[PDB]
């Protein structure tokens, strides 16, 4: 009999599984092929929260749209801000709002897991050793992944990569990359912004356009077709978090290395 913990997105299930093991039974609120920004929890999901012993929030206003429905679905449900203690990054354009995509940084994930481990232990003291051990193990894996991604992205001549959505600001900062976002939410309307991106893309010789897995690629392909580049997807909600960050680092490396 495990502990019922609910999380917002699939990447967190990877996290809770690494820390909780068979000590927790994880449920995800947002399906991996869904857009969290415009996501609406379903009645059945809200009812299931009555059994949730806790809910692990990404933090930084990620749950903002459903937070209240959560507290209304189960007030006795423990809310775990796995983003606490971490210094955010302002969103691409406006600074007023902090960027929630910290789950995509191996180094920051070390802090998010620590917090999760800590809270899971307070709720279930008997297994404090397991949470602490699992945590220590995951932590080592994180440094291994961070060092592996580093070497992959360190030598690249091109540090910029075109993304349909700026979901990789943290990942980018960690490894000295700069994302060029096609579409950022909450920005001063600039219909010709994509013309500026394409011209800049051609002058820098950006070879690829990376769309987001949960979104249409029409605009990306169209932009790509103009830059004379190719299209690939980058999935920030991937369940296989670790292997995915590497696939992502490899996509970047493939596009940002001296081209054949």
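Numbering follows the first chain given and starts at 1.
Between 71 to 79 and 99 to 107, the higher mean Cα B-factor belongs to 71 to 79.
For the segment pair 59 to 67 and 205 to 213, the entry gives 59 to 67 the higher mean B-factor, averaged over Cα atoms. Within the group 35, 235, 40, 232, the record's highest C-alpha temperature factor is found at 40.
When the Cα B-factors of 117, 123, 178, 137 are read from the PDB record, 123 comes out highest. In the PDB entry, a CA B factor belonging to the lowest third of its chain's modelled residues is recorded for residue 12. When all modelled residues of the chain are sorted by CA temperature factor, residue 91 is found within the highest third. Annotation for residue 153: CA B-factor lies in the middle third of the chain's modelled residues. Ranked by C-alpha B-factor against the other modelled residues of its chain, residue 130 falls in the middle third.
When the CA B factors of the chain's modelled residues are split into thirds, the value for residue 194 lands in the highest one.
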